[PDB]
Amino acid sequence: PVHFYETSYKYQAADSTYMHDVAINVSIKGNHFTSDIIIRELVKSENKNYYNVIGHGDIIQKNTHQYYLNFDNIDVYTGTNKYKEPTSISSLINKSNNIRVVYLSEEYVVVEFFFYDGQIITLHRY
């Protein structure tokens, strides 16, 4: 059984005008997952750069409310013409990335995950 998750958020640097607009989309078919992330960077309220990041791997449930992801593929697309990264690509393809659930529902789920070395967020189900 496949469960889809989706959410968006905005990151803001308190010492700068820099910020992210991030849309998250996850697909879980059982033991494996596929994540799709779009990061639009804005400096001074102007669409600066973008990133499309696609993930794939295993989601392993340790406890009833404690998971972790093991990526086997990470794919980054960006603007050809050439900042804060939510997570480093190397830290994903080497470590297990913990996800602790704090509330489960049929319409949404609330988790604490690994972006920015600590982030809480709500994801809608479908």
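Residue indices: 1-based, along the sequence shown.
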Unmodelled deposited residues between residue 82 and residue 83, binned: 4 to 9
Selected stretch [higher average CA B-factor]: 92-100 or 28-36: 92-100
Between the two ranges 57-65 and 71-79, the one averaging a larger CA B factor in the entry: 57-65
Assigned third (lowest, middle, highest) for the C-alpha B factor of residue 3: highest
Chain third (lowest, middle, highest) by recorded CA B-factor, residue given as residue 45: highest
Chain-relative CA temperature factor third for residue 19: highest
